[PDB]
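Here it is: the structure, laid out below.
Note that the numbering runs from 1 along the sequence shown for the chain. Worth knowing before you read on, the calculation uses all heavy atoms, side chains too, and leaves out hydrogens, waters and symmetry mates. Counting starts at 1 for both ligands and their atoms, following the listed order.
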Amino acid sequence: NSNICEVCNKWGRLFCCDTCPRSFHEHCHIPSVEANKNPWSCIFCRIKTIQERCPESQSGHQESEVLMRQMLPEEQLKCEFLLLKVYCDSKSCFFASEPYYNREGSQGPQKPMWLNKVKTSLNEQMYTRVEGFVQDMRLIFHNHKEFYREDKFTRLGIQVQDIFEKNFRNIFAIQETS
Ligand SMILES: [Zn+2]
Ligand SMILES: [Zn+2]
Ligand SMILES: [Zn+2]
């Protein structure tokens with residue numbers, strides 16, 4: 001197994017996957033690493049099994065059809081994995097916890113949103129369709145863009161949104177376009 005957390009890249013109290021060499025902090029894995037379960041398989045492993053069981057699940061899909069999907073167990077898992085892929089970027093720190101807004105010339109967003117709130121919402125099964133989760137994720141970056149205006153700090157929202165969007169297209173096998 002690796003000697004660092006796959007998500008945050010630090011050592012510590014790590015739980016090792018039984019089917020691949022990754023390790024995790026307890027609350028870095030999504031969902032949080034399960035109490036018992038020997039062998040234990042990480043989210044990466046569980047996603048790869050889905051693909052192996054249904055190779056046609058990798059054929060291209062339309063984003064509009066993906067969004068309307070109900071959050072059955074396989075879609076729940078895919079959204080957890082996509083959330084986890086965002087936390088894997090170190091720049092996710094800026095978007096993890098509850099923000100506050102007091103900048104000359106700007107007003108805070110009407111609907112603040114942050115990664116740990118999305119994580120809670122997934123854990124609590126509050127999204128009934130893929131669209132719910134994707135809307136809250138894109139709201140994070142849109143609020144950041146609007147608040148920071150011409151400050152160069154706006155670029156951190158562009159960067160982390162690009163990681164979200166590339167991983168969304170991969171995980172949900174969105175049809176490639178020009
Ligand atoms: Zn970690
Ligand atoms: Zn694994
Ligand atoms: Zn199949």
_Angle in degrees, rounded to 10°, that SG of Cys42 and SG of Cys45 form at the Zn ion (ligand 2)_ = 120°
*Restricting to N/O/S, name the atom of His25 that gets closest to the Zn ion (ligand 1).*
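Closest N, O or S atom of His25 to the Zn ion (ligand 1): ND1.
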*In this structure, which one of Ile163, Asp162, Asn170 forms a side chain to side chain contact (heavy atoms under 4.5 Å, CB included) with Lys166?*
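Looking at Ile163, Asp162, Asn170, the match for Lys166 under the side chain to side chain contact (heavy atoms under 4.5 Å, CB included) is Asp162.
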*Could you tell me whether the Zn ion (ligand 1) has an N, O or S atom of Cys5 under 2.8 Å away?*
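Of the N, O and S atoms in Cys5, at least one lies under 2.8 Å from the Zn ion (ligand 1), which means yes.
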*Report the residue from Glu131, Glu74, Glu75 that forms a side-chain hydrogen bond (donor to acceptor under 3.5 Å, both in side chains) with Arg69.*
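In the set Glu131, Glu74, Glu75, the residue that makes a side-chain hydrogen bond (donor to acceptor under 3.5 Å, both in side chains) with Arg69 is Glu75.
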*Among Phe164, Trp114, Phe141, which one satisfies ring-ring contact (aromatic ring centres under 6.0 Å, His included) with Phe95?*
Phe141
*Work out the angle at the Zn ion (ligand 2) between SG of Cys20 and SG of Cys17, rounded to 10°.*
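Between SG of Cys20 and SG of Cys17, the angle at the Zn ion (ligand 2) is about 110°.
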_Non-hydrogen side-chain atoms of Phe168 and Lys85 separated by less than 4.5 Å_ =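 Not touching, per the 4.5 Å side-chain cut-off.
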*What do you reckon, are the aromatic ring centroids of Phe15 and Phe24 less than 6.0 Å apart?*
no
_Name of whichever N/O/S atom of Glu56 is nearest to the Zn ion (ligand 3)_ = OE2
